[PDB]
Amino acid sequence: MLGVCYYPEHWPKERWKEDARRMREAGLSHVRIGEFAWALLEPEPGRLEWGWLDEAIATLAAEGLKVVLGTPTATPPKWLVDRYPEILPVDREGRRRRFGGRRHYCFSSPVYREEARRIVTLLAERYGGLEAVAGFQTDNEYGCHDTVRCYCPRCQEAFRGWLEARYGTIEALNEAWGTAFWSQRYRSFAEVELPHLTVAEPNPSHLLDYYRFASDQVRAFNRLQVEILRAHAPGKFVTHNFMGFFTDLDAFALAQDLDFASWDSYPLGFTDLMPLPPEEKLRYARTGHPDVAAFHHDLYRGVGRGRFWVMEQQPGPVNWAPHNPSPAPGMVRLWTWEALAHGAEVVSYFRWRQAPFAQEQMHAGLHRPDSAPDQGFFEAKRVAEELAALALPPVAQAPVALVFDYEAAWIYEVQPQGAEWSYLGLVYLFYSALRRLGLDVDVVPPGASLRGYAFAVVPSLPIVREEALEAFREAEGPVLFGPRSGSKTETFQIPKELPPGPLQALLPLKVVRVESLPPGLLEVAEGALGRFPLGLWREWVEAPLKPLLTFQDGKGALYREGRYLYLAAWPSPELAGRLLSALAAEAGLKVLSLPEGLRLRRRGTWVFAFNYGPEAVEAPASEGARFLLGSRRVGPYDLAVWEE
């Protein structure tokens, strides 16, 4: 099913009936509207104007389209901000932000909680029972523009409440944070302030708790809306649109309150911002890195407990990256089929028609400002026609699981210890290694059962709780733990047993020292797997175990005991691929050495091949395979689907 993000409030009413008709003719089934309409619904305080929205919904419904209503809390009206200045957030520099863009609100503001409650309840009671409305999207991209973390007075007071609920007594907090250090000791929760503008660095336990708190406030703000929708819009789904490479908000946790997860994919924008090698930045400028959308489809399929949508799909050039190229011919179709291959229930394009005014006037849509269909329209229509004849098999469990953790992202953000240490970079490195072997991946959270997986990869899990340890113990296949795993306690302290902490119940080894190294300083770690120059991060392991890979000084780089492996250094792409390939072979899994721009994803017994270019490549299909779409020779920016 395909959909689109539409803004009836940006166009003359006379255009609505035409737009709705064309959406149906294009083969679309869902249309999202309303997330930025508060100022149009309540232009004057207390005076609601539902007329135009009632009409827009009716117009779309008349064409048989299903409506997805976004609650309008991402952009409060100026009259509301003027009435309650406390709604405006404060940045890390201590400056109050201003109206003019979007997301200008604090998640801790009690006033905004009530205003959100009011408008969402009104929206839910009015449209919650309409057959035309399929569900809702709460707010819009919580946290975008660095808005999860606010440092205003409301947040400072709420943080104290959060801390008291978490620790019970200030004594427990002092012990947890180790406040004897630098005389940080607090006499009460009232003495604790937000961790910013400190002289020297803030306490890591202090900063991590603040990040946990900030994420929790977003979840609380969201929960309020979910409860309203459950009570006044029974039977209608509730989702939220998450972002690419964004970790300030714990999506796994927030999604527990949603029916499914949704996310917004803009491959070209993410890619331009990625620190790719010189050659790749040019090669993938108009296609996106081969794993950028896929990683997130897998992540969000996991965040949604198996169910997810791509609420926003890039259909042409965007406006927000340093460089905004046009997707190459066929890439919109490719990204769409890729989303579907990874399990997306719906792929919705942002947006129907390019706006000729305001901030995003340079953001392309399926149609140009003059309403003429743009390149993305034809590609989307083609997919609609192809999908109509290609009902898809169900998504099966992947052979490999990758354990992702938002808390881990926070810990490494707080304590990198090495300037080049990157949590997302480490996760992506392992992900790409698996993808280049032609393996499908399921991204799961700590504690999720690993039953059924050939093997699992844990890029890094600093805090290992009982639930996670339990899942690892019950794993039927090997589990590879990346560097710094089990290196921190729940309170951001070094475990008494030293890293890898709880994991020592599985692996008899201890990390007695760690090193972060300047770029360029490499040392070969060698063994049966091969020779690998490694750098960036290195750990000294004390263990009776014979390392599988050894550095030139005799120190081990990789260890294994039973089904558990531990990597004591930052992996190179080469090491990641060879190690993962060896684990695959051991597990009886077949692998393929896919060329740089080719990627595969299965759906039942079907296999999808996506070629990110720039030249044609052959799909590694079995002999006699039956092609459902495309051919064995896959042209650039094209794809093939076959019965394997």
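So that there is no doubt, residue numbering starts at 1 and follows the sequence shown.
Peer 1: I need to verify one thing: averaged over C-alpha atoms only, is the B-factor higher for 107-115 or for 237-245?
Peer 2: Between 107-115 and 237-245, it is 107-115.
Peer 1: Check the entry's C-alpha temperature factors for 485-493 and 189-197, then say which stretch has the higher mean.
Peer 2: According to the PDB entry, the answer is 189-197.
Peer 1: In this PDB entry, which of 446, 304, 72, 530 has the top CA B-factor?
Peer 2: Largest recorded C-alpha B-factor: 530.
Peer 1: Out of 580, 61, 598, 68, which one has a C-alpha B factor higher than all the others in the entry?
Peer 2: Comparing C-alpha B-factors across 580, 61, 598, 68, the maximum falls on 61.
Peer 1: Comparing against every modelled residue in the chain, figure out the third that the C-alpha B-factor of residue 639 lands in (lowest, middle or highest).
Peer 2: Within its chain, residue 639 is a middle-third residue by C-alpha B-factor, going by the deposited values.
Peer 1: Among the chain's modelled residues, which third holds the C-alpha B-factor of residue 40?
Peer 2: Its C-alpha B-factor belongs to the highest third of this chain's values.
Peer 1: Among the modelled residues of its chain, does the C-alpha B-factor of residue 542 lie in the lowest, middle or highest third?
Peer 2: For residue 542, the deposited C-alpha B-factor lands in the middle third.
Peer 1: Just say lowest, middle or highest third for the CA B-factor of residue 47 relative to the other modelled residues in its chain.
Peer 2: Highest third - that is where residue 47 ends up once the chain's C-alpha B-factors are sorted.
Peer 1: Among all modelled residues of this chain, ranked by Cα B factor, put residue 387 in the bottom, middle or top third, i.e. lowest, middle or highest.
Peer 2: Tercile = highest for this residue's CA B-factor.
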